[PDB]
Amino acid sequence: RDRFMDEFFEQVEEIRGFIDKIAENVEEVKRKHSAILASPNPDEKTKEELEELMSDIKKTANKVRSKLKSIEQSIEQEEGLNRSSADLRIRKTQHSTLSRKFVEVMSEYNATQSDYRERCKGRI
């Protein structure tokens, strides 16, 4: 039927949710960074929580990267047919859109980490 595509859109919403979870973790990382920097004697528990957040981000990102690569490989396999279709184009659009959102969140995270490392170094 249209099982392949209806299942594809469900996979799109899954990836979107993951990207949104990364975004949410990135904001919490920013909060922990501030708390650690504003504290006269930082709490080890807080540092541990920051570590788990970073770990969670890295893990969810690999899931996103992996699912997006899979979608792209599928698109290219289809293109090896030297032919196009409405579904192929729909999939190509969702892949570039999800990719854009993913790149934006990871870029924000990398900038947040670089900034924190700079402040920790410039410190004590």
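The first residue of the shown sequence is 1; numbering continues from there.
Two stretches are in play, 75-83 and 46-54, and the higher mean C-alpha B-factor belongs to 75-83. Comparing 24-32 with 56-64, the stretch with the higher mean C-alpha B-factor in the PDB entry is 56-64. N41: CA B factor lies in the highest third for its chain, per the PDB record. Placement of the Cα temperature factor of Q11 within the chain: highest third of the modelled residues, per the deposited record. Among all modelled residues in this chain, the alpha-carbon of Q94 has a temperature factor (C-alpha) in the middle third.
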